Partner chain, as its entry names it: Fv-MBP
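Form solved without its partner chain, single chain, as structure tokens, below.
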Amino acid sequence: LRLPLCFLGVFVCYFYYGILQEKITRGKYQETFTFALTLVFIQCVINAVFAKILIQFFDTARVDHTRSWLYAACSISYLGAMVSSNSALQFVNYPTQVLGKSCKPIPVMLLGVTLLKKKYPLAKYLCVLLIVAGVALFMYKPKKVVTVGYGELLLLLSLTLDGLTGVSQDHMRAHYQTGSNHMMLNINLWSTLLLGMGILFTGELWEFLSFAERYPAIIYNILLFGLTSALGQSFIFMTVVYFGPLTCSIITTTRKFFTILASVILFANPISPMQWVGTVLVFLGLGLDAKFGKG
């Protein structure tokens, strides 16, 4: 049973996803792409329909034991995190976003330690040193010699909301014995409903066609971005059931490092050497916990 599709499928698709996301966000159209909610709405609905058409061809005996409200709260947290992350690209540069967003464990770790009252032996005190050193050497100058950018605040709030969603997921999985496809399916429906409800009130989507009228070449790319996102979500779901979940961490780390490399190469984003070694340090620490002492 050769399974090369476990690597290629989740690698090439997410690589195209990242390249498209960078293309349509920082594209020098002049009217910058200030709209951050429409694309996440489209992505959510596309991935939801793909989830339905996928579960239709999978096991049916499973019965969703999860209650309604937990999915709703997890959906608000998840959609808020995604919206805040995407809206921040107007200030910061792409490589900084994909690096900062990648340090997911630290928010979850601190939230669990302060709230869940957990314990981790010399693992959340050792790899954290490498992670924080890398982050605080890459984006930061030596001594602020050569108010912080508002995008950093948005990224920090995104990390906080993402940690909240993660802890919520952990609870609904442990104490309620939820599944994998059902969870993502329900949270997607709730998130898209809430996003649409808010959007119609915001008075922007009614005004969003005119922007499309200005540049008719912003429809195919966004559709492809949604399609690849949904395909990648389905592929990662299919992987996680095989070889356990530990492979997912290494897969994502490799994908994000190659995404950094492609971003710096293709789009000519300047980077300094002393800065450049910053990303490798944080990436090495990231996933090292998964390889040794998962936590």
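Positions refer to the first chain, counted from 1.
I'd like the number of residues from the deposited sequence that lie between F237 and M238 yet are not in the model, binned as none, 1 to 3, 4 to 9, or 10 or more. According to the record, the chain runs unbroken from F237 to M238.
Absent from the display: the form solved in complex with its partner chain. The rest refers to it.
is_contact(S210, its partner chain) in the bound PDB entry, heavy atom dist at most 4.5 Å: Heavy-atom contact with its partner chain at 4.5 Å: absent for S210.
Flag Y176 as yes or no: does it have a non-hydrogen atom within 4.5 angstroms of any non-hydrogen atom of its partner chain in the bound PDB entry? Yes, contact at 4.5 Å.
Decide whether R62 counts as a contact residue for its partner chain in the bound PDB entry under a heavy atom distance cut-off of 4.5 Å. Heavy-atom contact with its partner chain at 4.5 Å: present for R62.
Its partner chain in the bound PDB entry: contacting segment from 133-141, 218-226, 176-184, 73-81, heavy atom within 4.5 Å: Selected stretch: 176-184.
Quick one: name the residues from 247-261 with any non-hydrogen atom within 4.5 angstroms of its partner chain in the bound PDB entry. Read in sequence order, no residue approaches its partner chain (within 4.5 Å, in the bound PDB entry).
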